[PDB]
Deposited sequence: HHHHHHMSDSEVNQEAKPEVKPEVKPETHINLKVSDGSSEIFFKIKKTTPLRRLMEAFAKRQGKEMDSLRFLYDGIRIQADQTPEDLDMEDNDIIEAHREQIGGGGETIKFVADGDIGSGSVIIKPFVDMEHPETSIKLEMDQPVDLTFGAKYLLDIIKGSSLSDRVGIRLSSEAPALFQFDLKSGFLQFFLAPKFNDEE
């Protein structure tokens, strides 16, 4: 049969706990478990997997979870909750797409994952981005890593290999 069990960290950054559970168990155990240890109450806490607010009634095969995946615990928010916003302001007007991390389990090649450690706010040159997307031909998905200090990484994966683009952000 398949794996039938997987391990997941659960962290708030100073305190983490690992668990192994069937891929069919509601996460309530782990969320109550982490919560008891924390002193804090079960529902005084916001829980997200890769940017996605999850709720105790949900299973790992639902979120299409990997081995070694992480759930993060935050104090109650706004909210319900992280987002990516792309914006351009030009001469003629302006544009603004907001996308939310989500996982569709029926077909998950489509989903949107987000490890945010620090929030970032960066600008790039659309001429360069326009060439970078020419690698969409190589890969179903694109991986983007953003550093407020280093150039950004845009990665397209092949079967044993990759095409990477490192692009310096603008200043002003």
Query raised in the report: What are the unmodelled segments when the structure is compared with the full deposited sequence, in sequence order?
Result: 1-24, 105, 198-200
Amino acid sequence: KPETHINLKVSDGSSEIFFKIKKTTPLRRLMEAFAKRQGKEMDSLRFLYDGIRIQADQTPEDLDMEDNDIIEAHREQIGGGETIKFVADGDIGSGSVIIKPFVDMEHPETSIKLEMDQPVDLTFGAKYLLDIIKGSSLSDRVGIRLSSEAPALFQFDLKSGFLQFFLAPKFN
From here on, numbers count along this sequence of modelled residues.
Query raised in the report: Averaging C-alpha B-factors over each stretch, which comes out higher, 53-61 or 124-132?
Result: 53-61
Query raised in the report: According to the deposited model, is the average Cα temperature factor higher in 91-99 or in 69-77?
Result: 69-77
Query raised in the report: Considering only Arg29, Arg145, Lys113, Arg141, which residue's Cα atom bears the greatest B-factor as recorded?
Result: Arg29
Report task. Using the B-factor values recorded in the entry, state whether the Cα atom of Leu158 falls in the lowest, middle or highest third among the modelled residues of its chain. Result -> middle
Report summary line: Sorting the chain's modelled residues by C-alpha B-factor and splitting them into thirds places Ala150 in the middle
Report summary line: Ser14: CA B-factor among chain residues, third -> highest
